[PDB]
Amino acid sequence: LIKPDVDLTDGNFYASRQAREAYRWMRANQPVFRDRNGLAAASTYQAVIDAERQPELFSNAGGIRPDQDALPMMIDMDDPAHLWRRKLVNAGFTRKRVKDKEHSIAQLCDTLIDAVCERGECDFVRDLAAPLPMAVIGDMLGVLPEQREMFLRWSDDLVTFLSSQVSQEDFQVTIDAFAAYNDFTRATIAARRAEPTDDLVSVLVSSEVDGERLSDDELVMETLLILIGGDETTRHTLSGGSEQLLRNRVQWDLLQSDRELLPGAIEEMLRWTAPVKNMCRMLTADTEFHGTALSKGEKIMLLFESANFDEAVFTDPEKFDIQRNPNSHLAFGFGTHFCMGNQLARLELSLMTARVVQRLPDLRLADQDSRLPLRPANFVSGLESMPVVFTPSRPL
């Protein structure tokens, strides 16, 4: 095994399909790894957990992304300022409020499958995996159903070109996407100030943190955080997890034969796909961390996918096993910033996967001998496309 020569900010690393071999080297030889440019990364399950449990030393207030300033959103804040924001919107994502959405989310799943069932084929990414979480979080945000496609396109342009090697033409698209989203959302904020609604934008507009109204800048960025959290994450577990079911037919047959295996299947899909490849922390002081000296002010990447394949926690991690138990993956992170939408994501995954294995029972990849492309982006990433085939059925 040769040491990886990699740039962890280069989107191409996360699409090369040699990332997990690079992770394996890190976990065995330098758990807190420094890449070709010296960027520090926590590669082992233990190192990620230890960093998450010490927010006083591993801060979010420097921003969660490499080479990027902190923004006015709660994921870029430390406690208690971060907690004050979480409490404004936590109520919409509790176990009961999520479960009470099952009928509406199930209806969206069937509407989306109704749109492709007569075709006998679709792009599983474009036509099922991406639109379902978009519709769910769009409804909570007050996005009109006919404008979901517009918001998802903005969202895609905001994350799919995150890379130290981004081209000028892709960078311009990211800039233009934020400008359009910013203009639209500021108009939305003014509309909800005149006529409040029950969507999350109106909730944030009507909120106070420590007795102060949220700034218009923060309102735009908190709304965007909720949007991207909803529509650029679950989609990759839906597509990538379904792909592993199709590529490991024993697992697909197991789930089709026993529906009570669905909760465990969802957890293994989450472990395998790890849509959030990394979150950054900024060191507030010099420290020695798992054999690596870290300096105050530098950033360290928490490699969630690397932790999800750590042999110290998972037996035979390269085997897709929907019956894996326990399955304490870190797809949702850990600590005070643990994913607020973890329950909503799991229900999105459960309802769509159950309806896919029900209404597309003979689902297959259009070419089982192919290798599907992954998005070369350094933050969230998954399958770009996924052509599938099935026997047509009639809509419901």
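One-based numbering along the sequence shown.
Inset, instruction - For the higher mean C-alpha B factor in the entry, choose 240 to 248 or 300 to 308. - result: Between 300 to 308 and 240 to 248, it is 240 to 248 that shows the higher mean C-alpha B-factor.
Inset, instruction - Using the B-factors recorded in the PDB entry, average over the C-alpha atoms of 11 to 19 and of 368 to 376, then report which stretch comes out higher. - result: Higher mean C-alpha B-factor: 368 to 376.
Inset, instruction - Sort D139, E267, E118, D157 by C-alpha B-factor from the entry and give me just the highest. - result: In the PDB entry, the greatest C-alpha B-factor among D139, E267, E118, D157 is found at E118.
Legend entry - Highest recorded Cα temperature factor - choice among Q107, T273, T284, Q168: In the PDB entry, the greatest C-alpha B-factor among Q107, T273, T284, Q168 is found at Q107.
Inset, instruction - Give the position of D35 by CA B-factor within its chain, expressed as the lowest, middle or highest third. - result: For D35, whose C-alpha B-factor we compare with every modelled residue in the chain, the answer is the middle third.
Legend entry - CA B-factor ranking of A345, expressed as a third of its chain: As the PDB entry reports it, the C-alpha B-factor of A345 lands in the lowest third of its chain.
Legend entry - Chain third (lowest, middle, highest) by recorded CA B-factor, residue given as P145: As the PDB entry reports it, the C-alpha B-factor of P145 lands in the highest third of its chain.
Legend entry - Chain third (lowest, middle, highest) by recorded CA B-factor, residue given as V220: For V220, whose C-alpha B-factor we compare with every modelled residue in the chain, the answer is the lowest third.
Inset, instruction - Ordered by C-alpha B-factor within the chain, which third holds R27? Give me lowest, middle or highest, please. - result: As the PDB entry reports it, the C-alpha B-factor of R27 lands in the middle third of its chain.
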